[PDB]
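*Asks:*
Number of protein chains: 4
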Amino acid sequence: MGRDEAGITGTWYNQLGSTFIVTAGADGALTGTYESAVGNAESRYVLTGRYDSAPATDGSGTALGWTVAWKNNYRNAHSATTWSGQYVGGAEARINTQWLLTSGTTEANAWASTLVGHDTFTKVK
Amino acid sequence: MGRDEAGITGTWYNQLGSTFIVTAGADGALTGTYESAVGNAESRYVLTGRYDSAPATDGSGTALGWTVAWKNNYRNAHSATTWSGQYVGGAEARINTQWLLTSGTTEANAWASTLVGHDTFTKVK
Amino acid sequence: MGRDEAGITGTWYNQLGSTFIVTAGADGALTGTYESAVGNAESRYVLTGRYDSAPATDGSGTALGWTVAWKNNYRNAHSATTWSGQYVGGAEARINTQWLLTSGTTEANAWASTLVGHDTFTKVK
Amino acid sequence: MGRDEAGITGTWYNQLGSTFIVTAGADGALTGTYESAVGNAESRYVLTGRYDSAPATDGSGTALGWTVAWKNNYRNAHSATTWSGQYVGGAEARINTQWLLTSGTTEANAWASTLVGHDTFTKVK
């Protein structure tokens, strides 16, 4: 029943070679796994998030976000990334994001706790 | 079994007067509701996220994040915010975040799709 | 005498079709003009910034930034963008940035004052 | 002749204990020095930037930004910070910023090149 439930659900790849597998729920849920090609990461990590299940019908994209905390059975990078973005449908469907990666730090080092970047996900490559 | 499962779970308030109610799961889950005191928002919205359930024991904070998509039974703001941050425990416990708020836009307006800010959550006020 | 003084100075174009003309000084200065292909902007606007005039020699990029306040003789958009990034030299030289665009706002609307994005500049197109 | 030329020019202090000394020009220029209380920094560093010299008269703040590249005669941190923000005048005048700190990196590590934060400057402390 979600407008882009079908368009969003599946396997996505970003420009770093990371893989995001996601299921979109009718109501707005996102659940899945993430495997990063870079950084202090091995194998899959749990992800959860939310998307707008009833987007505007004027050619606008579909807002969404999700989170990964970088702990699984293999490693713990004491950090979490959140991606905020929009899904755009069609023959070259994309999810265009910006992300914030916060590490656990001492209060002294907190100023330097957060990295910022941008990932573009596609259904190919 | 999560290290800050107890410290995180509950009701938090930010500097805008918004209210975040969250349950932390032993494994890393965050689930809850968010009510914003500002913007195109009314009542509670679903939130989901992840936290590091086994943080460093050296006085570092606990990395976490979560997402709200701004649709509920009342309104649809065609947008989603993700908060990335760290929980710091103790008598003045805090969750210090930065956030990204993406709106669904046309490809023409996509450059201007994302707001960035910072929220500090406390257990009082 | 600046290491990338020569590589940086000139005309650059981003993915939106904007044009950045810059002179790099030996000491670290950047001065120039910016013309945005989008938004509340017409013609050229003054820019100033700074770059690292003695970068690492290990294949690392060259950190830099600059600012435009969106006032000139034609328009005043009551806003300023800052680009932070790195210059990478070679046959496909690039300046890879992230940017923050702050508008003047009332204290009530300050939460929503700042847009964030990413621009990639090239010497062609 | 700049509206907040007088309000902006002077010495400012942020929550980390850093010191920003700035002169505002009638036309929009900002020039000065910055001394960071944290990070890979010693003594003063050159800063340059721009502000809106004719802000809205409706109680809105005054948009501005500036850049520091972290090289001076003492150290070179192969990095640059840009602050984007707004000046708010009155008895408790403030400059409320967000900042992007980019390091020069290899193309492999570029994903992790940029830190993001927020500084609040005041005329006291």
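Residue numbers (the entry's author numbering), protein chains in the order written: chain F, 10 to 134; chain X, 10 to 134; chain G, 10 to 134; chain Y, 10 to 134.
Positions of the beta carbon are idealized from the N, C-alpha and C atoms, including for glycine.
1) For the alpha helix (DSSP H) that residue 126 (chain Y) lies in, which residues bound it at each end?
2) Decide if residue 83 (chain X) is buried, meaning its Cβ has at least 16 other Cβ atoms within 10 Å, or exposed.
3) Just the Cα atoms here: how many angstroms apart are residue 70 (chain Y) and residue 102 (chain X)?
4) Does residue 47 (chain F) come within less than 8 angstroms of chain X when only Cβ atoms are used?
5) Between residue 14 (chain F) and the rest of its own chain, which residues show a CB-CB distance below 8 angstroms, the 5 nearest in sequence each way excluded?
6) According to the Cβ coordinates, are residue 109 (chain X) and residue 123 (chain X) closer than 8 angstroms?
7) Residue 76 (chain G) and residue 12 (chain Y) - do their beta-carbons sit closer together than 8 angstroms?
8) According to DSSP, which residues form a beta bridge with residue 55 (chain G)?
9) Could you name the residues of chain Y that residue 73 (chain F) contacts, counting a contact when the two beta carbons are closer than 9 angstroms?
10) Going by C-alpha distance, which of X:50, X:105 and X:125 is nearest residue 131 (chain X)?
11) When DSSP labels each residue in this structure, what does residue 86 (chain F) get in the three-state scheme?
12) Is residue 114 (chain Y) buried or exposed, if buried means 16 or more other CB atoms sit within 10 Å of its CB?
13) Quick one: does residue 120 (chain G) have its CB under 8 angstroms from some CB of chain X?
14) Would you mind sorting residue 74 (chain F) into buried or exposed? The rule is 16 or more other CB atoms within 10 Å of its CB.
15) Quick check on DSSP: helix, strand or coil for residue 15 (chain F)?
16) Tell me the residue span of the beta strand (DSSP E) that contains residue 112 (chain G).
17) Can you grab the Cα-Cα spacing for the pair residue 99 (chain Y) / residue 81 (chain F), in whole Å?
18) Do residue 121 (chain Y) and residue 86 (chain Y) count as a contact pair if the criterion is CB distance below 8 angstroms?
19) I'd like to know whether the C-beta atoms of residue 17 (chain Y) and residue 96 (chain Y) end up nearer to each other than 8 angstroms.
20) Relative to chain X, which residues along the segment 80–97 of chain F have a C-beta separation below 8 angstroms, given in chain order?
21) Residue 112 (chain G) and residue 88 (chain G) - do their beta-carbons sit closer together than 8 angstroms?
22) Could you tell me the distance, in whole angstroms, from the CA atom of residue 133 (chain X) to the CA atom of residue 78 (chain F)?
23) Count the other C-beta atoms from every protein chain shown that fall within 10 angstroms of the C-beta of residue 125 (chain Y), then say buried if there are 16 or more, exposed otherwise.
24) What are the start and end residues of the beta strand (DSSP E) that includes residue 31 (chain Y)?
25) With H, G and I counted as helix, E and B as strand and the rest as coil, what does DSSP make of residue 65 (chain G)?
26) Compare the C-beta of residue 59 (chain Y) against all C-beta atoms of chain G and say whether one is closer than 8 angstroms.
27) Relative to the C-alpha of residue 118 (chain G), which residue among Y:67, Y:91 and Y:41 is closest?
28) From the DSSP output, in three-state form, read off residue 50 (chain F) for me.
29) In angstroms with no decimal places, state the Cα-to-Cα distance between residue 42 (chain F) and residue 22 (chain F).
30) Straight-line CA distance for residue 127 (chain Y) to residue 127 (chain G)?
31) On the DSSP bridge list, what partners appear for residue 94 (chain X)?
32) Taking residue 126 (chain X) as the query, report the chain G residues whose CB atoms sit under 7 angstroms from its CB, ordered along the chain.
33) Taking a Cβ distance cut-off of 7 angstroms, strictly less, list which residues of the segment 97–109 of chain Y are near chain X, in chain order.
34) Does DSSP put residue 117 (chain X) in a helix, in a strand, or in coil?
35) So who's on the other strand from residue 21 (chain G), going by DSSP bridges?
*Replies:* Looking at the coordinates:
1) Taken as a continuous stretch (DSSP letters only), residue 126 (chain Y) belongs to no alpha helix (DSSP H), being part of the beta strand (DSSP E) at 123–131.
2) exposed
3) 32 angstroms
4) no
5) 33, 34, 35 and 62
6) yes
7) no
8) G:42
9) Under the 9 angstroms cutoff, chain Y gives no residues; its nearest Cβ is about 21 angstroms from residue 73 (chain F).
10) X:105
11) strand
12) buried
13) yes
14) buried
15) helix
16) 103–112
17) 51 angstroms
18) no
19) yes
20) 80, 85, 87, 88, 89, 90, 91, 92, 93, 94, 95 and 97
21) yes
22) 26 angstroms
23) buried
24) 28–33
25) coil
26) yes
27) Y:67
28) coil
29) 12 angstroms
30) 18 angstroms
31) X:73 and X:106
32) 120 and 123
33) 107
34) helix
35) G:29
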